[PDB]
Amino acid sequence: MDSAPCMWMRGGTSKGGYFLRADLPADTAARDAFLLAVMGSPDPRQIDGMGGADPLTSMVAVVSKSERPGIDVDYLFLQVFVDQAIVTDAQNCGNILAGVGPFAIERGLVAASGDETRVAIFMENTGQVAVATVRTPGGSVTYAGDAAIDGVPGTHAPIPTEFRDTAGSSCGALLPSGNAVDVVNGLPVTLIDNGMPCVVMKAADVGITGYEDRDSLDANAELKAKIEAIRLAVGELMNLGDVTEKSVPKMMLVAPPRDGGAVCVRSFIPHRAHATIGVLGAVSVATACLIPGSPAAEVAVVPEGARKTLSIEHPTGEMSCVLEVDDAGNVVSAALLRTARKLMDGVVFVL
């Protein structure tokens, strides 16, 4: 097959191609080779495909109607590497998730149910369910509205998303090492998975402030080398095997908030600096803020009460994470606002 139907969408602060599962090769080696060609990878410019030469604009959602009881659609996230011939399936992606609901409704996978449509989305990569609510005025998806998210110009229709049962969905526990803190290459880190495996550490401990812009961080070869050494050192401890060629864990460098939020973060995902912050990445970081003795807890400003709005500051503003904690202080849910937009709909081609 040399082409496939495809909707190009912005999902949250990321961008990529949304496919029906049936339209892609069933064999995953052939599927991944096709997706590389669709995107134009490997190429630092992605000039001969639809990737935008940024991992955050080189992403794929494979969506299908679900047979799981109570679930509307199944969603597989695939990261297409920009300049390697690698497609990875080892993580969730809550930004690209934002486009899944609207894509599924437009494609008839799930019926609109009034002016707003709840969509229960099984995230195949980790086996957990997320719930998105999509504006469907008059029974049709809209992308217009009054909502805004930092990192995206303008305003769009809101897409509230809610995540439960996130802890340990990749590493088998919230803290796969069993410790709140671990010393790695002479630095305290928290190894944490509440929907995204993360290594959380103080920006100041790897020799930056945590307030640098994306270009400054991407050009900092010395910083990138130092944190890559830590990432490779903890891959097995987080039950992720050999992470050398994986996209996980995400490296989260935290600092005290500056614009009135809970914490400030710079993320490497795992090699490129994030332009903003990942959705489940932010949930893991926000969760670490609540763990006494974590580097995150030391720099964070944490509100009182069972339902905590934790503003996570990032290079171009912030993204707020509403957590509720149970009896024992465990996070039992996380809710975040996203938006999406259909950008182009048609057929993608490969040679």
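Just count from 1 along the sequence shown to find any residue number.
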Mean Cα B factor from the PDB record: higher for 249-257, or higher for 175-183?
175-183
Residue stretch of maximal mean CA temperature factor, 264-272 vs 228-236:
228-236
Of the residues 164, 202, 107, 118, the one carrying the largest Cα B-factor as recorded:
202
Considering only 83, 72, 193, 222, which residue's Cα atom bears the greatest B-factor as recorded?
222
Chain third (lowest, middle, highest) by recorded CA B-factor, residue given as residue 197:
middle
Split the chain's modelled residues into thirds by Cα B-factor; is residue 287 in the lowest, middle or highest one?
middle
Split the chain's modelled residues into thirds by Cα B-factor; is residue 1 in the lowest, middle or highest one?
highest
Which third of the chain does residue 97 land in by C-alpha B-factor: lowest, middle or highest?
lowest
Taking the values exactly as deposited, rank residue 65 by C-alpha B-factor within its chain and report the matching third: lowest, middle or highest.
middle
